[PDB]
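Working notes, structure below.
4 protein chains.
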Amino acid sequence: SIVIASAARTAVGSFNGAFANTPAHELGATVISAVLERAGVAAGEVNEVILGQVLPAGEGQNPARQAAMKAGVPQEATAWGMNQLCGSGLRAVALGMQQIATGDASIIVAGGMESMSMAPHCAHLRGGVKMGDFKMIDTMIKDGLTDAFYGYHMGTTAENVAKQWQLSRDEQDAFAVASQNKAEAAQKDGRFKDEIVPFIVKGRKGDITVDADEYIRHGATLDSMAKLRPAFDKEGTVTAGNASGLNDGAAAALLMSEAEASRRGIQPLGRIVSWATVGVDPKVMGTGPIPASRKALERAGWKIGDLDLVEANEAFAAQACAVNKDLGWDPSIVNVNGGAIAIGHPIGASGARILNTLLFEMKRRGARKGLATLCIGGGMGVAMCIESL
Amino acid sequence: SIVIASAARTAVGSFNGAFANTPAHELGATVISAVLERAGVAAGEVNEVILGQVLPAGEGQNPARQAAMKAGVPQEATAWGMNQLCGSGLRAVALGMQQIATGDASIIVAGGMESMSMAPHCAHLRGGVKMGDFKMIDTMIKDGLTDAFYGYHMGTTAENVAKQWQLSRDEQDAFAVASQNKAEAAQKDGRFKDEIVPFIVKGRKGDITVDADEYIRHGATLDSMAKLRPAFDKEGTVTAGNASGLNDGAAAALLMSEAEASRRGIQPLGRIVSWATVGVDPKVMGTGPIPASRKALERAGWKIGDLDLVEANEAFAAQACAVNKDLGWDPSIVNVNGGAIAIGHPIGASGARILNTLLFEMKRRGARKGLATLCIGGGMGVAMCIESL
Amino acid sequence: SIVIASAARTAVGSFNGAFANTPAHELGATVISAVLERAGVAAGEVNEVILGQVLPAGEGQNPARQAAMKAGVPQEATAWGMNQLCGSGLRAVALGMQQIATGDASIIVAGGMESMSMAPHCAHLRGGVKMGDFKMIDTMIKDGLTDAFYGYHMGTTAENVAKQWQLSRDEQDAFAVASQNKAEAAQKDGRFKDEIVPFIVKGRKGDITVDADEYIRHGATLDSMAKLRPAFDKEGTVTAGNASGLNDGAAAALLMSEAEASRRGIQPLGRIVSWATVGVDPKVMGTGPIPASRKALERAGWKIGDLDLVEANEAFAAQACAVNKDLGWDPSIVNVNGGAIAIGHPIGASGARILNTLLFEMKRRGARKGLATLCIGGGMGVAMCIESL
Amino acid sequence: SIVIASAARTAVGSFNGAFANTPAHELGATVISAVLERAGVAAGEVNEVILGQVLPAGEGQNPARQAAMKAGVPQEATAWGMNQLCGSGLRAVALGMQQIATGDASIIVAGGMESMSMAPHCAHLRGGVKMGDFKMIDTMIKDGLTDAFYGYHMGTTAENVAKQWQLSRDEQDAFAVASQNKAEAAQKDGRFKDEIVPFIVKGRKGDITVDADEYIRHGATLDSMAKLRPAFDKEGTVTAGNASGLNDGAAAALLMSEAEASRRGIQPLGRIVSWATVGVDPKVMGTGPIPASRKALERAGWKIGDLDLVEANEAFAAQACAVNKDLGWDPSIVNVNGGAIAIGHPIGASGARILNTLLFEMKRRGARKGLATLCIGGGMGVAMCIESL
Ligand SMILES: CC(C)(COP(=O)(O)OP(=O)(O)OC[C@H]1O[C@@H](n2cnc3c(N)ncnc32)[C@H](O)[C@@H]1OP(=O)(O)O)[C@@H](O)C(=O)NCCC(=O)NCCS
Ligand SMILES: CC(C)(COP(=O)(O)OP(=O)(O)OC[C@H]1O[C@@H](n2cnc3c(N)ncnc32)[C@H](O)[C@@H]1OP(=O)(O)O)[C@@H](O)C(=O)NCCC(=O)NCCS
Ligand SMILES: CC(C)(COP(=O)(O)OP(=O)(O)OC[C@H]1O[C@@H](n2cnc3c(N)ncnc32)[C@H](O)[C@@H]1OP(=O)(O)O)[C@@H](O)C(=O)NCCC(=O)NCCS
Ligand SMILES: CC(C)(COP(=O)(O)OP(=O)(O)OC[C@H]1O[C@@H](n2cnc3c(N)ncnc32)[C@H](O)[C@@H]1OP(=O)(O)O)[C@@H](O)C(=O)NCCC(=O)NCCS
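Right under this line is the structure:
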């Protein structure tokens, strides 16, 4: 019944890098237009735009709506943002699928968008500060990466999972290197080109077109990896090297009923067979994908063994290993072209980013069943099952 | 099919007033536990919490999850925030309804929360400011009350509707006084008591229980109304007295299938018969409710005249008069107990606030069909049809 | 040789009190004007204006010049600010005296001004913060009241004195209360009237004339003093009651040679017979007055017993008791009209403020020899000897 | 009677350049140490440190003391900051001269220090900002470079000077370029090494020794100067190229009586024969050096023509030309090694920076009579006459 007609994602920028001064809606705009062009659908036919975005402080009213208009979706359509933190990008797509499923909409553009670079610093200053210093809060750290119940960073949650699952430094380092190597491989081979829609960084002293994931590191060594210091736990195991990064980017999908696609001559990227969201302990939020993935499979009537390709987000090597280890899926069909440790992790957009990767890889290799999953801070998981047509 | 088993809202506080230093998720928690208590449903049976909230900057990771956990909803359920500006609160109820409708969940707590008071000032400072003054941005104004396309305040959008619908100052002023008198009348007769759930302002030098809408003004006079100066257009017609206020508040509804309600012996506040969202020109966003309410009515199979009760959000006097003028519904059955001009307008929570009033009024006067509707910044409208059982 | 022809000070404002939004140069202007007027001297005859001021951040270019110009001092004259912390106001007069002494000026206006209320919060943001919160530093605290070598407040230096000299809480409290009672008595008898020049707080909704020290507490009780908690050392002895306050004000003196005063028919407030500044350990900065007073007396050819009156600044009860104890001067001739615990402490202005108090009470009671001294953060003292004519 | 026994200055840093994050007191300490070393004078014999500094906000209590204590001056000695804007650095040495003159000290360290780069942004937030955006004020611009009466930059006073003296853009640029080329040639020949004491910028990933004036431009061309846009008056004449820069540095002199230097066997850098400070119209502040230099020369009993070397600060090419045109001194003996357009303008230090320059060059060519003068914001000038021994 509901299918992904087309899809597109911008390249992933490094922190304060290529998209350093680009507002997330800009990145979104471009992705909205791309999904539209790639399927032959006119913006005028878009009913609603849903965009997962975790840090929009200071971008103005509802960046989802700004993105949609910038791209040309008429003012008669609707737009909104939503936040399930890292699962935002993937959840948006589910939510959009429900819009068509309940007959409230026909065509939806959904995904995520995020400019971690552009997240501001803030302070509550309405009462006034009579005396003494006050903190100017980094909304990126406070609103997107800090557990609100234990007050510590996601990296600490990762450390909790490492200890629990007895995942050594070498084993988390091994996983990261492989991720880099696979992402680099995929980049060289043209593997990211279909899914990437080039973005034009509007300059003054010149325009710059970005069309390659700039965070991927070429020739990542195990030696450099092993020399890094732990980033969260002073005598910890998680490092800048075996953890995803801070990044900017956008990604989305054009959804419509399978029938509609058919009436249009569109060859869909896949059929949304099922999706699931489940909570877990915030302290070990990285385990999220276990229950969520299993729930999704259950709802789809699929067995883990049925999957031909998987995209399980790499928030941290320790959590990625734990997930794989627990689920037991064949490592070889998970993050085939690299994961977030190499590609980057634009919070609100990452679920749609990985959906794009999964979808273009399933088409290129001819896989039939796929699943995308992500862990969520605060202790949640989100998963989606896709079947090719 | 999907029914609102129960509902609850906090009192709406004034700006920097009773809830001045209360983070939205604390009010959210209170309301979520009320709805459970009220229906006789255990926190453990909640699948997900959906909370619209337009201004979470500074509150920490996903305040929706923080509300849920604080209220006792286990770590197993899931939670998420969403933004459709002033339509957030109502929209969230519709999205939860769809969670159930598609069989993804059984029981959802939905609504919105907002702390305008706690909205911080911010500035993007990662790049640094090498020389020169820079502006500290009020995020409530920028991210909540400023049109992103024309750069002006919602108040100006109100002025655009005023001029277009030829709504004089005296006519808006009249409308405002009536809403105050009607909000004061209803407060005096205990008409807001079922819906309100007292909120304990945790103090140090005393704990204060808030259970009354503090923003309503007792004895509002037309003379005082007519002496106020225009707040947005220097030679304008919109003023502080005929515009909604800056407020805090949280409201929610407990949703489940009609059959489930029946299995539990619950007496539902009503069945969600339909809902809709439609866009309009951002310049005259106040018109939002016209196209959305009609759509909602159309999807429900109802005529405007079928409606027994109506709650149409009082963003601004200008817009409310325009809405009523166009739709033509009998004025006496619209905002019977007063509106946002008197009660307050906690952006992200207002759509669920007005559903509460609609729902407890419908039960108290035995009205069968009702409709809630709100105008949304950026040019959008949201509407919902509820029928009692 | 060099005399003080006239002097004047504004009443001392409470923190965020009467002068909450008055820039220090405005208060300085009025005192410049008063001193001129009081001496029969025209602003066109001033050669230079010298004003200590420790916290001028945000006031604009050299506020000493802004004060001079506001007062009508001709653009041909010159102005400069200086900072020797709490000894600033007194040091200026010394430096003004030396302008005359060396023949480079004939007529100087010298004193101090300080708006502790208008001191701003700041941050160095040229480089940008790539991530993480940063502090907004209270400049009042940082640049005015925090020792730069040990990182702690001036109050902690008070605690180090308390301990070392074995001054109990009780003794400190007794000192504070006698300060209050004496200042209150002098206020009520009209003792502060000759020295205060009334300041007009330019309002919108009315102008307010301030001509009374508002910080002096009427009816101060020992019981209320003794229940206060330690302000700097959780199990300390220094409290808000026994410490000076945070205050606003300005004060100055018009200087010229004795022979010039005589050609003008002026009866001068006194002859500057000597002055001195000496350092001590920063940890016990409050002991500054000891060596500076002893040095001034020696330069004057005076024994301690020759003094008729003394003004020794009350930075803190603890340090004031220590200075009196060590010096051994008759306590009844010290701060006879109350001191800074009661009157307040506008840092840059206080040395000139207590020099006004000394001058006008030496005239009133016919005291022939007087000395004014103040303790300075960072470990310094300043003292000056005055002889009537 | 009072001689400059030795002197020293750091190299001048570019804005956010080599000393981007070096607090001024650190650079002052190194200059304190250097004067001491250069004269065979131990830090224990210093009585007082006087350092001009215009922008100390956020550096902590009295940076002159912090510099003195870092250099090892005993805690028994004293220190203070003063501010007469751009003539601060020179005013201080006149001020130190006066201490010895009047017998209050025997050995003084005086000069100035500034780090424009470390100046912060601020806001007065004590009263609170109920709502709306507020300004974060660059203290360098506001407190250092804007006229307090006319509200415009020091550069617009430059434009005023340009029109009034009819100084074309061409004349300005050619003085600018000749400044650059003489500083480049004295840099290259080694004429700045005697005056400069190397500064070690404490690294983490390496200590950096800074011993060269980095703002100096090598190969400055008339053509690229001529292509620059006006910086203050959109259709003006003052550009970035013919105006001084924004810089960092410190500079000082060690003073004592001529008799004292003879008892120690010190061959002094000169005798301070006179100084003068005079005001002028704030709108043409750049003309300050005119009356100040004539005044100093008359107190010295010298004719303009007796001077052998002159250092006249380059605030802007337009005022520099005006000052040279009126005084009429031979241009060939003015700033023979370049000036501030090329070397840099750390406001509080500049006066002392150009005295060093003066001093060293009078020594090297055997000049007997020299003068150092500087224009001061707010309408003022300072100048000093030096005679070799
Ligand atoms: C891990 C984290 C704290 C690192 O932040 P940081 O310290 O500012 O990161 P950096 O990139 O500066 O790391 C420091 C260095 O490690 C180096 N580094 C990173 N990966 C490397 C690799 N694979 N090999 C070699 N060096 C590497 C960087 O190049 C850098 O070198 P430098 O110090 O010379 O600049 C941050 O990326 C983070 O919080 N990430 C995401 C975590 C998260 O919770 N995401 C949400 C998911 S739940
Ligand atoms: C209208 C608005 C700009 C007013 O802001 P403000 O100037 O800070 O408001 P205030 O409450 O201070 O109004 C000033 C005065 O009006 C007075 N006032 C308000 N309503 C009044 C009435 N009915 N009768 C008499 N006086 C009244 C207040 O009491 C106050 O008196 P004071 O000056 O002695 O304090 C603000 O309410 C606003 O933007 N509101 C919401 C509009 C909006 O866009 N909502 C989103 C919906 S799309
Ligand atoms: C001591 C100090 C830290 C107090 O700051 P604060 O805590 O914000 O001060 P407050 O005025 O709020 O004092 C707190 C309370 O004590 C009370 N209080 C003060 N003196 C009192 C007295 N004599 N009797 C009774 N109550 C008294 C105040 O009235 C107030 O009551 P409240 O809590 O109901 O408002 C501040 O004054 C300070 O730093 N002072 C001296 C500064 C200094 O170092 N200056 C340079 C000297 S080198
Ligand atoms: C004049 C002023 C505003 C320039 O500030 P800015 O615009 O940020 O300065 P910059 O140095 O970035 O701009 C100069 C631009 O022209 C270039 N430029 C400067 N001098 C040049 C020269 N001599 N030849 C060629 N190009 C030159 C700079 O490289 C820069 O080029 P870029 O932007 O491509 O990198 C600032 O330096 C100033 O305010 N100086 C004032 C000093 C003052 O008032 N002091 C107290 C005086 S009383």
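Chain order of the listed sequences is E, R, V and Z. If you're matching positions, the first sequence starts at 1 in this note's numbering and goes up one per residue. If you're matching positions, the second sequence starts at 1 in this note's numbering and goes up one per residue. If you're matching positions, the third sequence starts at 1 in this note's numbering and goes up one per residue. If you're matching positions, the fourth sequence starts at 1 in this note's numbering and goes up one per residue. A virtual CB, placed ideally from N, CA and C, is assigned to each residue, including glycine.
Could you tell me the alpha carbon to alpha carbon distance between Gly87/V and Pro74/Z, rounded to whole angstroms?
19 Å
Which bits of chain V does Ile347/E rub up against, with CB to CB less than 9 Å?
Those do not exist, as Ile347/E stays about 14 Å from chain V at its closest Cβ, beyond 9 Å.
Does the CB of residue 390/R have a neighbour CB from chain V at under 9 Å?
Because chain R here runs from 1 to 389, residue 390/R falls outside it and cannot be looked at.
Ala119/V Cβ short of 8 Å to ligand 3 heavy atom set:
Checking every heavy atom of ligand 3 against the Cβ of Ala119/V, none is found closer than 8 Å.
Please report the residue range of the beta strand (DSSP E) in which residue 448/E lies.
In the structure as shown, chain E begins at 1 and stops at 389. Residue 448/E is therefore absent and cannot be evaluated.
How about the segment 83-97 of chain E and the segment 157-166 of chain E: do they share at least three Cβ pairs that are nearer than 8 Å?
no
Say the cut is 8 Å; is the CB of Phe149/R nearer than that to a heavy atom of ligand 2?
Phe149/R: no, Cβ never under 8 Å from ligand 2.
Where the segment 280-294 of chain E meets chain R: residues whose CB sits under 8 Å from a CB there:
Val280, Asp281, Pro282
Three-state secondary structure assigned by DSSP to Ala276/Z:
strand
Determine which residues share a DSSP beta bridge with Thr209/E and list them.
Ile200/E
Below 9 Å between beta carbons: does that hold for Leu36/V and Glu114/V?
no
Between the alpha carbons of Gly288/E and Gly155/R, how many angstroms are there, rounded?
44 Å
Using the beta-carbon count (16 or more within 10 Å), is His218/V buried or exposed?
exposed
What is the DSSP secondary structure of residue 404/E, counted as helix, strand or coil?
Here chain E comprises residues numbered 1 to 389, so residue 404/E is not present and cannot be evaluated.
Using the rule of at least 16 other Cβ atoms within 10 Å of the residue's Cβ for burial, across every protein chain shown, is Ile196/V buried or exposed?
buried
Can you confirm whether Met136/E, when its beta carbon is compared against all beta carbons of chain V, has any partner nearer than 9 Å?
yes
Boundaries (first-last residue) of the alpha helix (DSSP H) holding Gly351/E:
Taken as a continuous stretch (DSSP letters only), the alpha helix (DSSP H) holding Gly351/E covers 350-365.
Within 9 Å of any Cβ in chain Z, is that where the Cβ of residue 425/V sits?
Residue 425/V lies beyond the residue range present for chain V, which begins at 1 and ends at 389; the question has no answer from this structure.
Beta-carbon contacts of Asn16/E that lie in its chain and below 7 Å, excluding the five residues immediately before and after
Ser117
Against chain R, does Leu55/V count as a neighbour if the rule is that its beta carbon must be under 9 Å from one of theirs?
no
Strictly below 7 Å CB to CB, what residues from chain V border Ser117/Z?
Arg126
Which residues mark the beginning and the end of the alpha helix (DSSP H) in which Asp248/R is found?
No alpha helix (DSSP H) contains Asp248/R, which is instead part of the beta strand (DSSP E) from 247-257.
From the DSSP output, which residues share a beta bridge with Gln84/R?
The partner list for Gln84/R (beta bridge, DSSP) reads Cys86/R.
Compute the beta-carbon to beta-carbon distance between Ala315/V and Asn242/V, rounded to the nearest angstrom, for a pair I have assumed lies under 8 Å.
Going by Cβ atoms, the distance from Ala315/V to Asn242/V rounds to 11 Å, so no, they are not a contact pair.
Note down, in chain order, all residues in the segment 5-35 of chain Z with a beta-carbon under 9 Å from any beta-carbon belonging to chain V.
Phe15, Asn16, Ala20, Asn21, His25
Euclidean distance between Cα positions of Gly370/V and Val273/V:
10 Å
Who does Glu214/E pair with in a DSSP beta bridge?
DSSP output for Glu214/E lists no bridge partner at all.
Where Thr139/R falls, given that 16 or more other Cβ within 10 Å makes a residue buried
buried
Would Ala296/V and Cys385/V qualify as a contact pair, given that the criterion is a beta-carbon distance under 9 Å?
yes
When the Cα atoms are used, what is the spatial distance from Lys283/Z to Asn337/Z?
29 Å
Given that a residue counts as buried once 16 or more other Cβ atoms are within 10 Å of its Cβ, and exposed if not, what is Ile347/Z?
buried
Which residue or residues does DSSP assign as beta-bridge partners of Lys369/E?
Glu387/E
Return yes when the Cβ of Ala212/R is within less than 9 Å of the Cβ of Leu355/R, no when it is not.
no
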